[PDB]
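Reading through the structure tokens given below for one structure.
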Amino acid sequence: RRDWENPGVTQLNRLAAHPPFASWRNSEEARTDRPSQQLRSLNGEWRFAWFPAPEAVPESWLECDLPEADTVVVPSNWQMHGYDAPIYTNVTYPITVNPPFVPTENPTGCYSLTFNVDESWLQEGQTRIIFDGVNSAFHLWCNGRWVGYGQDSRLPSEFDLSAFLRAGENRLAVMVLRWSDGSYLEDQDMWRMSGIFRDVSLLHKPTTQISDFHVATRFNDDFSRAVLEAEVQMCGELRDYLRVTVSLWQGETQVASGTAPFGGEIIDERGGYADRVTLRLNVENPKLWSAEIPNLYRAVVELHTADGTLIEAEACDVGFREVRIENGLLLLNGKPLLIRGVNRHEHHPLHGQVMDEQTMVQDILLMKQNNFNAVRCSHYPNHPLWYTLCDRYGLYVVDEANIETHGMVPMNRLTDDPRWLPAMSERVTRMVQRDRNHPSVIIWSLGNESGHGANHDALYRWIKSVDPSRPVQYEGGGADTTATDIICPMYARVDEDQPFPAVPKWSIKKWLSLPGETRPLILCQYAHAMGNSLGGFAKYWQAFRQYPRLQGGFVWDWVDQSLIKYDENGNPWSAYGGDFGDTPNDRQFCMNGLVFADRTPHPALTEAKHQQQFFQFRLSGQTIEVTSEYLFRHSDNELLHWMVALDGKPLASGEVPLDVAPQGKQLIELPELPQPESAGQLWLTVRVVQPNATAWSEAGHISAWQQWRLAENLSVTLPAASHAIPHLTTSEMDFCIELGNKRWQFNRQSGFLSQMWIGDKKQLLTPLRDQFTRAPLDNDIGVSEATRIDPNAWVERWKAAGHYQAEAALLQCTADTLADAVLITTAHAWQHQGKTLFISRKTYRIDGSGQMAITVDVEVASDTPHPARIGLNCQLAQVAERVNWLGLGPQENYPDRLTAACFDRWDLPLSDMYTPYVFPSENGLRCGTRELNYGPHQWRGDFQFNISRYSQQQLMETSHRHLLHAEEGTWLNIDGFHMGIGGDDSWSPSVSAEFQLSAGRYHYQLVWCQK
Amino acid sequence: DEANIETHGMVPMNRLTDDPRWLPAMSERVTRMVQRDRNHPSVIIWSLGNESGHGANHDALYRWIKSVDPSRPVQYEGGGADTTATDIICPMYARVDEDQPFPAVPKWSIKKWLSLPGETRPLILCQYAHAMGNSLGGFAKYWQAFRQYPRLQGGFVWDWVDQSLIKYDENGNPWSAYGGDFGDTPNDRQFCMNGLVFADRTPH
Amino acid sequence: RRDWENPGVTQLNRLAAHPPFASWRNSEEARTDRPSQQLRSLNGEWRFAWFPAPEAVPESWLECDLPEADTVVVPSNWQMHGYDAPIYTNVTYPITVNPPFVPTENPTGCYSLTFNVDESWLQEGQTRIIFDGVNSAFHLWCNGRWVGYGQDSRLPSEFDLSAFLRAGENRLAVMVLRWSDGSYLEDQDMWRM
Ligand SMILES: OC[C@H]1O[C@@H](OC[C@H]2O[C@@H](O)[C@@H](O)[C@@H](O)[C@@H]2O)[C@H](O)[C@@H](O)[C@H]1O
Ligand SMILES: OC[C@H]1O[C@@H](OC[C@H]2O[C@@H](O)[C@H](O)[C@@H](O)[C@@H]2O)[C@H](O)[C@@H](O)[C@H]1O
Ligand SMILES: [Mg+2]
Ligand SMILES: [Mg+2]
Ligand SMILES: [Mg+2]
Ligand SMILES: [Mg+2]
Ligand SMILES: [Mg+2]
Ligand SMILES: [Mg+2]
Ligand SMILES: [Mg+2]
Ligand SMILES: [Mg+2]
Ligand code: NA
Ligand code: NA
Ligand code: NA
Ligand code: NA
Ligand code: NA
Ligand code: NA
């Protein structure tokens, strides 16, 4: 039958979907969520053999172990065991588009397991097996006899094995197809893998059993009273002595309990459901659930007889909360949310798409620690434990059906086709049936990037009808279609419109007010964190705070999807698209996370944490006004620390307890501040510290900060007259200056400082020269490729203009002696194909103090693309252990991504000054720096800099960080000006005008002196 | 034009139509009908079937049609005649002045139904005046109400032709048969004959 | 596979639905709705045998006429030819309510037709068969080979026979089940045929 090439057959013999079950046979174990003896894990060592196609699988395999098989751990993706290569393609399908067929060469994973079954499970009741995740389709046999078939790689498939098992040893055989008609609905931008990659379990239920239960919580107008309603369905023979009790617990206190026999209310002319019952429990003053305070109760559903004998019990955590949209705003418990969200794929660099509790917990903690309160399940239902963790730690969740057909042309070709309505419907309905009792799920999503088709409208309405408690969203077809309750664009910019035909991406501020529009807008994906990115992130947050109906978004995305590979010596390195011989591929576009694959943060995470802070501040005189953006909790685990420093030197500090109600304000008067005895700028820094540990943070955690400049006292103090006058030595070839044991050499043909000595030690490996280019970031490159240039990308604009090929031509180089110093004057032009791109004019003034003051005045032709930077660079001869500067930090920061950095005196090891992006580029800059110290050198001015062992040339010629090698000495780039990095998206120019170097004439000045 | 979906015998009547596992089979009954008949001018309204309660599958399918063909209203009587799956209040056998307040699915007087709180839709009975045997008493009362009330826009009489079948006696002569006449059992006897005309088209 | 007891399989290999087509090769014929030589009727006399369950049908029937069959007119309802009784039930289903299963004694009508196809239809293009109404579900074979399956007794089921036919005589075999999971959706108050 080739069921895997027929969207009309998405399963055979599969049991109905339902919420998480454990069939406890003791109510207290169900209350406490303890492991149940009736739910067994079959995870562990299985037998596996790979075949190139299902036709190649031997019939002997059904009956007995293939000797060629290997023993492997399950769950797993077979690519992570090396059986075949994982493929990274973004939009283009990994197979020829010819639905519903798949390639004849279709990798097939034959897994099998010999295991025991106790006669107690077979003598009575039902034994089923549950495959939480099989990618992409599979046939199942038990003891050589065929059981069934399933599709949808992201929801559990369950089959009744009662009639197939025998007491003692049994053997399962599972044939997993990599490709199937289900693959047409699984074109998400991620690695394409396969296998039994989530848990496999055995569940025993009694013949008379709870087959489903739904929990709803409705409230009065001020949330001071609630009704918990639990609808329970059974399977088995109905008997008048059967009963259901539903009890609700708050910790160890029983809050409410109700019992009834089966028999629901009349529904229509034929009666009601004799096999169901609805229990209603009143709850006074319920503790409400939110991400701020995830209060939970426990609901235990017992199926029993009238005499009291328990048949079985099921249970769930319950969070009392209402989600609704009113008057254009998404409210939670009646208050408008501000979603500090992030999209998160299920990805591990070693295990592929298999998820474990430890990584999930790691992710949740880093998210909360970084001021995130929500997560979107991009783009499929997640492993079941994820929802339990979000319920208990507190994160709002968008649960999303596993439907993405991005690669079709047009994108809605299948979703507007009624023949694909059945397959799509199962991906939506079975997700709702599984997850509808989790309080953390607040919004349902119909999938991702599948255009807008009539099937979406049908499924939108199905959800609305079955579960009115949660809004439904969906971005395809323009982000504001009739299939979504929230305008939920991806990568729409704050102020700039992108009027694409048919599916324009308006500025978000404008979108809200289009004629007739009234819905809330929450971006389903925004600020693409690929490489050195997040430029402009603050612009989104300023808009979300100013516009009520802009209720936030989900950053794209949490974690880079890089995979580990090992080199010749066994050392690991991070790989991306194409690194497994996969082709076609989309190279580094699989790495868009705020964190690297191993969970180390990229510098962009701190920018997100700061802009997503829950306390806002204003200063007026001595007064700091703290405003709380919490909706529900008081600031009961926070104090404000303040510190005043003059140019990095601390002068005063204190701490004050914070007691701010949700949305309230607190005024804090700072004490009178003694005047500083010295020139310099006083800076005030405040930080919000949580003194006590929580379930998600350690004592001392810093959750918010802000700085302000206070008084400045400009220096008017005439230096101090020099003990000596430098000497100028002129030769045909050079101008040399000597002072004490120092010497500087200016080559007269190049017009640059080519060497500097301390004693007899040379300090430069390469001359000090202007630099107008950067090793291109992912955002500068976009989708441009050698094979297919995008002439609009910044890197191609700069290449084409000759920025990377231009050579300095000398126009002037003179030397003069002044009363106490020597002055070198130079002028250079940079040209390409006979056009002058840039003109740099400088003076170097070396005085009796040994300081060399450099003034730079640059002209940039108006018609050349605005340059990446305007600075100087050199390769220093020496290497030093530390870098110390007075400027913004401590982490990497760029003009359009420097809000989180603070002005202070920072000191880091040199390697911390390099950011190891997997695809190397310009990195490590720190802006707003007034003083930089390295070795015996010191540079003073108002500049941006980076310093590392890798030249820009090397960074730009190297595609993987593991292949970089430290060069001799230290490369120093010191910029008077540097372009923004952008990141609203990484496929079209996204640096805002205000961060482009378009002024035409630029001036900067620096002093280089010795320490 | 009405989809071939009727699950009247289920208990409750929407047991299958509220079950998502039956959504695919129901979907094809509706979508394949619209794909076949949507160019006929005579079809002015689509119906989702008959006597199958009101289930979420109906709401999904109602919306599908509204999306694919906005040119025609969609009606469906199941679940009370005025659910979210119908653009027209389309009761069967609701009386002119007399209410029949059955639980869950009352059959109001049609004049009263139009004005229930918040109601604004037109009302056209999907079935009214059951012409079984010597019947049609009270027909005029419907017509007087349809002409007086703008929003009472008529209805479809139940029904056109008796479903009697011909059998032959021992002498070979034909006779009209009804339920149970073929040994069929259980059967509902003469309830299959409700038409304004006899099976041979002779008028009653 | 017992496809007739699985609401997840309502068809196999069926073509998409669409409005009435006739494939005219003359535009003036299309303007006036004249008969089209490309749309042929297969109505008329066919071969038919009745069995009490699909399990009873002999395999020989797929490749050869059953001598015991009768010649009957199609379209027709087999109860009207006296092979079994029509049933008049209003609301109560005519079969036990146990979805999606149906009775094991499930009246099966085995229809077949030997018919000619001209080479011109097979040299180029697509030849499909269209069953406007088959109650309640059926499997179709052509020249002994299985083609597909369909449900919904009141809409046309169409199958591409291009790869199954040959010039000259061909034989269709259609196994029609009286009861199927589609019966659960066909409980109208009328005779059950
Ligand atoms: O992380 C990659 C990112 O790709 C996104 O799609 C990018 C494409 O967008 C099209 O609309 C087109 O404008 C192209 O120029 C561009 O390559 C996708 O939208 C995101 O979901 C994400 O996969
Ligand atoms: O021509 C018969 C007529 O019956 C109608 O149903 C009659 C009555 O029968 C009971 O068995 C039902 O439970 C009850 O609700 C129903 O009203 C049916 O509505 C009509 O469509 C028609 O078949
Ligand atoms: Mg399939
Ligand atoms: Mg995509
Ligand atoms: Mg490529
Ligand atoms: Mg009777
Ligand atoms: Mg079927
Ligand atoms: Mg002709
Ligand atoms: Mg021949
Ligand atoms: Mg009926
Ligand atoms: Na807002
Ligand atoms: Na990506
Ligand atoms: Na506090
Ligand atoms: Na690079
Ligand atoms: Na009227
Ligand atoms: Na009747």
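Chains: A, B, ... in order of the structure tokens. Residues: from 1 per chain. Ligands: from 1, in order shown.
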Step one, run DSSP on the backbone; step two, keep only residues of chain C assigned to alpha helix (DSSP H); then write them as a list in words.
residues 27, 28, 29, 30, 31, 32, 60, 61, 62, 63, 119, 120, 121, 122 and 123 of chain C
Output file for the selection above: N, CA, C and O atoms, as a PDB file, in the first residue's frame:
ATOM      1  N   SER C  27     -15.469  23.754 -30.160  1.00  0.00           N
ATOM      2  CA  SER C  27     -16.002  24.776 -29.299  1.00  0.00           C
ATOM      3  C   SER C  27     -17.477  25.076 -29.493  1.00  0.00           C
ATOM      4  O   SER C  27     -18.153  25.501 -28.532  1.00  0.00           O
ATOM      5  N   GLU C  28     -17.982  24.909 -30.722  1.00  0.00           N
ATOM      6  CA  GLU C  28     -19.396  25.212 -30.947  1.00  0.00           C
ATOM      7  C   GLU C  28     -20.257  24.182 -30.222  1.00  0.00           C
ATOM      8  O   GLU C  28     -21.297  24.528 -29.670  1.00  0.00           O
ATOM      9  N   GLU C  29     -19.797  22.899 -30.137  1.00  0.00           N
ATOM     10  CA  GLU C  29     -20.528  21.887 -29.376  1.00  0.00           C
ATOM     11  C   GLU C  29     -20.594  22.290 -27.908  1.00  0.00           C
ATOM     12  O   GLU C  29     -21.589  22.037 -27.209  1.00  0.00           O
ATOM     13  N   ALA C  30     -19.475  22.808 -27.426  1.00  0.00           N
ATOM     14  CA  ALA C  30     -19.458  23.208 -26.003  1.00  0.00           C
ATOM     15  C   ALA C  30     -20.434  24.375 -25.768  1.00  0.00           C
ATOM     16  O   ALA C  30     -21.062  24.487 -24.687  1.00  0.00           O
ATOM     17  N   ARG C  31     -20.548  25.274 -26.760  1.00  0.00           N
ATOM     18  CA  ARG C  31     -21.432  26.445 -26.591  1.00  0.00           C
ATOM     19  C   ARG C  31     -22.873  26.005 -26.468  1.00  0.00           C
ATOM     20  O   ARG C  31     -23.664  26.596 -25.708  1.00  0.00           O
ATOM     21  N   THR C  32     -23.238  25.008 -27.274  1.00  0.00           N
ATOM     22  CA  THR C  32     -24.643  24.609 -27.271  1.00  0.00           C
ATOM     23  C   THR C  32     -24.959  23.399 -26.398  1.00  0.00           C
ATOM     24  O   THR C  32     -26.105  22.922 -26.412  1.00  0.00           O
ATOM     25  N   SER C  60     -11.908 -15.791  -8.749  1.00  0.00           N
ATOM     26  CA  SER C  60     -12.014 -15.951 -10.184  1.00  0.00           C
ATOM     27  C   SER C  60     -12.732 -14.794 -10.854  1.00  0.00           C
ATOM     28  O   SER C  60     -12.509 -14.472 -12.016  1.00  0.00           O
ATOM     29  N   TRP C  61     -13.622 -14.189 -10.094  1.00  0.00           N
ATOM     30  CA  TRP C  61     -14.439 -13.097 -10.602  1.00  0.00           C
ATOM     31  C   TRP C  61     -13.613 -11.933 -11.068  1.00  0.00           C
ATOM     32  O   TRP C  61     -14.027 -11.220 -11.975  1.00  0.00           O
ATOM     33  N   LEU C  62     -12.428 -11.726 -10.463  1.00  0.00           N
ATOM     34  CA  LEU C  62     -11.608 -10.606 -10.915  1.00  0.00           C
ATOM     35  C   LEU C  62     -11.154 -10.750 -12.353  1.00  0.00           C
ATOM     36  O   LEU C  62     -11.023  -9.786 -13.109  1.00  0.00           O
ATOM     37  N   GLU C  63     -10.912 -11.965 -12.760  1.00  0.00           N
ATOM     38  CA  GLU C  63     -10.464 -12.084 -14.127  1.00  0.00           C
ATOM     39  C   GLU C  63     -11.447 -12.646 -15.130  1.00  0.00           C
ATOM     40  O   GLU C  63     -11.263 -12.486 -16.340  1.00  0.00           O
ATOM     41  N   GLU C 119      -8.344   2.488 -29.823  1.00  0.00           N
ATOM     42  CA  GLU C 119      -6.920   2.835 -29.631  1.00  0.00           C
ATOM     43  C   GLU C 119      -6.691   4.347 -29.550  1.00  0.00           C
ATOM     44  O   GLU C 119      -5.763   4.783 -28.855  1.00  0.00           O
ATOM     45  N   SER C 120      -7.514   5.118 -30.262  1.00  0.00           N
ATOM     46  CA  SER C 120      -7.327   6.529 -30.245  1.00  0.00           C
ATOM     47  C   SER C 120      -7.395   7.126 -28.850  1.00  0.00           C
ATOM     48  O   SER C 120      -6.729   8.131 -28.527  1.00  0.00           O
ATOM     49  N   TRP C 121      -8.151   6.530 -27.963  1.00  0.00           N
ATOM     50  CA  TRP C 121      -8.244   7.089 -26.579  1.00  0.00           C
ATOM     51  C   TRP C 121      -7.000   6.784 -25.768  1.00  0.00           C
ATOM     52  O   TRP C 121      -6.719   7.438 -24.747  1.00  0.00           O
ATOM     53  N   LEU C 122      -6.286   5.728 -26.204  1.00  0.00           N
ATOM     54  CA  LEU C 122      -5.124   5.253 -25.482  1.00  0.00           C
ATOM     55  C   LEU C 122      -3.773   5.710 -26.062  1.00  0.00           C
ATOM     56  O   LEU C 122      -2.713   5.652 -25.427  1.00  0.00           O
ATOM     57  N   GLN C 123      -3.786   6.171 -27.258  1.00  0.00           N
ATOM     58  CA  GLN C 123      -2.521   6.621 -27.825  1.00  0.00           C
ATOM     59  C   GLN C 123      -2.063   7.925 -27.166  1.00  0.00           C
ATOM     60  O   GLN C 123      -0.905   8.214 -27.215  1.00  0.00           O
TER      61      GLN C 123
END
Distance-based interface of chain C with chain A, 10 Å, counting only C-alpha atoms, as number ranges by chain
C: 1, 6, 8-13, 16-17
Which residues of chain A have any atom within 9 Å of an atom in ligand 13 when counting only C-alpha atoms and all ligand atoms, and what is the closest pair of atoms for each, with the distance in Å to one decimal? Order the rows by chain and rising number and write it as JSON lines.
{"residue": "A:634", "atom": "CA", "partner": "ligand 13", "partner_atom_place_in_ligand_line": "1 (Na)", "distance": 7.8}
{"residue": "A:635", "atom": "CA", "partner": "ligand 13", "partner_atom_place_in_ligand_line": "1 (Na)", "distance": 4.8}
{"residue": "A:636", "atom": "CA", "partner": "ligand 13", "partner_atom_place_in_ligand_line": "1 (Na)", "distance": 4.1}
{"residue": "A:637", "atom": "CA", "partner": "ligand 13", "partner_atom_place_in_ligand_line": "1 (Na)", "distance": 4.8}
{"residue": "A:638", "atom": "CA", "partner": "ligand 13", "partner_atom_place_in_ligand_line": "1 (Na)", "distance": 4.1}
{"residue": "A:639", "atom": "CA", "partner": "ligand 13", "partner_atom_place_in_ligand_line": "1 (Na)", "distance": 5.2}
{"residue": "A:640", "atom": "CA", "partner": "ligand 13", "partner_atom_place_in_ligand_line": "1 (Na)", "distance": 8.4}
{"residue": "A:656", "atom": "CA", "partner": "ligand 13", "partner_atom_place_in_ligand_line": "1 (Na)", "distance": 8.7}
{"residue": "A:657", "atom": "CA", "partner": "ligand 13", "partner_atom_place_in_ligand_line": "1 (Na)", "distance": 5.2}
{"residue": "A:658", "atom": "CA", "partner": "ligand 13", "partner_atom_place_in_ligand_line": "1 (Na)", "distance": 4.0}
{"residue": "A:659", "atom": "CA", "partner": "ligand 13", "partner_atom_place_in_ligand_line": "1 (Na)", "distance": 4.8}
{"residue": "A:660", "atom": "CA", "partner": "ligand 13", "partner_atom_place_in_ligand_line": "1 (Na)", "distance": 7.4}
{"residue": "A:690", "atom": "CA", "partner": "ligand 13", "partner_atom_place_in_ligand_line": "1 (Na)", "distance": 8.1}
{"residue": "A:691", "atom": "CA", "partner": "ligand 13", "partner_atom_place_in_ligand_line": "1 (Na)", "distance": 8.8}
The selected residues should be written to file as a PDB file, in the first residue's frame (atoms: C-alpha atoms).
ATOM      1  CA  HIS A 634       4.925  43.424  44.464  1.00  0.00           C
ATOM      2  CA  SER A 635       8.708  43.840  44.422  1.00  0.00           C
ATOM      3  CA  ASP A 636       9.192  41.511  47.360  1.00  0.00           C
ATOM      4  CA  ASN A 637      12.568  40.153  46.457  1.00  0.00           C
ATOM      5  CA  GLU A 638      14.340  43.253  45.297  1.00  0.00           C
ATOM      6  CA  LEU A 639      16.530  46.031  46.542  1.00  0.00           C
ATOM      7  CA  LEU A 640      18.068  48.983  44.686  1.00  0.00           C
ATOM      8  CA  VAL A 656      17.575  50.981  49.466  1.00  0.00           C
ATOM      9  CA  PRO A 657      14.787  48.477  49.769  1.00  0.00           C
ATOM     10  CA  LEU A 658      12.307  48.380  46.835  1.00  0.00           C
ATOM     11  CA  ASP A 659       8.671  48.208  47.676  1.00  0.00           C
ATOM     12  CA  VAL A 660       6.803  48.853  44.498  1.00  0.00           C
ATOM     13  CA  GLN A 690      17.207  39.984  44.313  1.00  0.00           C
ATOM     14  CA  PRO A 691      18.610  39.163  47.697  1.00  0.00           C
TER      15      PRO A 691
END
Enumerate residues in contact with ligand 15: an atom-to-atom distance of at most 8 Å, counting only C-alpha atoms and all ligand atoms. Format the result as a compact mmCIF listing (two decimals) with N, CA and C atoms, in the first residue's frame.
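pocket.txt, freshly written:
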# COMPACT_ATOMS: atom_id res chain seq x y z
N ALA B 145 -48.35 34.09 8.21
CA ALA B 145 -47.24 34.63 8.97
C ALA B 145 -46.07 35.02 8.06
N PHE B 146 -45.72 34.18 7.04
CA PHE B 146 -44.65 34.54 6.14
C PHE B 146 -44.93 35.89 5.48
N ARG B 147 -46.19 36.17 5.09
CA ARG B 147 -46.44 37.43 4.39
C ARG B 147 -46.44 38.58 5.34
N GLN B 148 -46.78 38.38 6.61
CA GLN B 148 -46.84 39.54 7.51
C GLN B 148 -45.45 39.92 8.05
N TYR B 149 -44.57 38.93 8.27
CA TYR B 149 -43.28 39.21 8.90
C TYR B 149 -42.20 39.22 7.89
N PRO B 150 -41.51 40.32 7.69
CA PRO B 150 -40.48 40.37 6.69
C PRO B 150 -39.44 39.23 6.86
N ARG B 151 -38.94 39.06 8.09
CA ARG B 151 -37.89 38.05 8.34
C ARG B 151 -38.33 36.60 8.29
N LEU B 152 -39.67 36.34 8.22
CA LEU B 152 -40.12 34.94 7.97
C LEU B 152 -40.16 34.82 6.45
N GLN B 153 -39.13 34.18 5.89
CA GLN B 153 -38.94 34.15 4.44
C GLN B 153 -39.33 32.83 3.81
N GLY B 154 -40.17 32.09 4.52
CA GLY B 154 -40.79 30.87 3.96
C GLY B 154 -40.25 29.60 4.47
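Per DSSP on the backbone, strand (DSSP E or B) in region 625-676 of chain A comprises residues 625, 626, 627, 628, 639, 640, 641, 642, 643, 644, 645, 646, 649, 650, 651, 652, 653, 654, 655, 656, 657, 665, 666, 667, 668 and 669 of chain A.
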Per-residue nearest contacts chain A to ligand 2, cut-off 9 Å, using only C-alpha atoms and all ligand atoms, as a tab-separated table:
residue	atom	partner	partner_atom_place_in_ligand_line	distance
A:268	CA	ligand 2	15 (O)	8.6
A:269	CA	ligand 2	15 (O)	5.0
A:270	CA	ligand 2	13 (O)	5.8
A:271	CA	ligand 2	13 (O)	8.9
Those same residues, written as a JSON list (two decimals), in the first residue's frame with C-alpha atoms?
[["chain", "number", "residue", "atom", "x", "y", "z"],
["A", 268, "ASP", "CA", -29.82, 17.40, 21.59],
["A", 269, "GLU", "CA", -32.94, 15.53, 20.55],
["A", 270, "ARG", "CA", -31.14, 12.20, 21.03],
["A", 271, "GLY", "CA", -30.10, 12.80, 24.65]]
Restrict the distance test to only C-alpha atoms, flag each residue of chain B within 6 Å of chain C, and return the flagged residues as a list in words.
residues 5, 6, 7, 8, 9, 32, 35, 36, 179, 182, 184, 187 and 188 of chain B
Please identify every residue of chain B that has at least one atom no farther than 9 Å from an atom of chain A, counting only C-alpha atoms, and for each give the shortest atom pair and the distance in Å to one decimal, arranged by chain then increasing number, as a Markdown table.
| residue | atom | partner | partner_atom | distance |
| --- | --- | --- | --- | --- |
| B:8 | CA | A:270 | CA | 8.0 |
| B:9 | CA | A:270 | CA | 7.8 |
| B:10 | CA | A:270 | CA | 7.2 |
| B:11 | CA | A:270 | CA | 5.3 |
| B:12 | CA | A:270 | CA | 4.7 |
| B:13 | CA | A:270 | CA | 5.3 |
| B:14 | CA | A:268 | CA | 7.8 |
| B:15 | CA | A:273 | CA | 8.1 |
| B:20 | CA | A:429 | CA | 6.9 |
| B:21 | CA | A:426 | CA | 8.1 |
| B:23 | CA | A:422 | CA | 7.3 |
| B:24 | CA | A:422 | CA | 4.8 |
| B:25 | CA | A:422 | CA | 8.3 |
| B:27 | CA | A:422 | CA | 7.7 |
| B:28 | CA | A:418 | CA | 7.8 |
| B:31 | CA | A:418 | CA | 6.7 |
| B:32 | CA | A:418 | CA | 8.6 |
| B:53 | CA | A:268 | CA | 6.3 |
| B:54 | CA | A:268 | CA | 8.2 |
| B:56 | CA | A:462 | CA | 5.8 |
| B:57 | CA | A:462 | CA | 6.9 |
| B:58 | CA | A:462 | CA | 8.5 |
| B:59 | CA | A:462 | CA | 6.2 |
| B:60 | CA | A:458 | CA | 4.3 |
| B:61 | CA | A:458 | CA | 6.1 |
| B:62 | CA | A:458 | CA | 7.7 |
| B:63 | CA | A:458 | CA | 5.2 |
| B:64 | CA | A:458 | CA | 4.8 |
| B:65 | CA | A:454 | CA | 8.4 |
| B:67 | CA | A:454 | CA | 5.9 |
| B:68 | CA | A:454 | CA | 6.5 |
| B:78 | CA | A:268 | CA | 8.5 |
| B:79 | CA | A:268 | CA | 5.9 |
| B:80 | CA | A:268 | CA | 7.6 |
| B:102 | CA | A:269 | CA | 8.3 |
| B:103 | CA | A:266 | CA | 7.3 |
| B:104 | CA | A:268 | CA | 6.0 |
| B:105 | CA | A:268 | CA | 5.9 |
Please check which protein, DNA or RNA residues sit within 6 Å of ligand 4, counting only C-alpha atoms and all ligand atoms, and write them as a VMD selection string.
chain A and resid 91 188 to 189 406 449
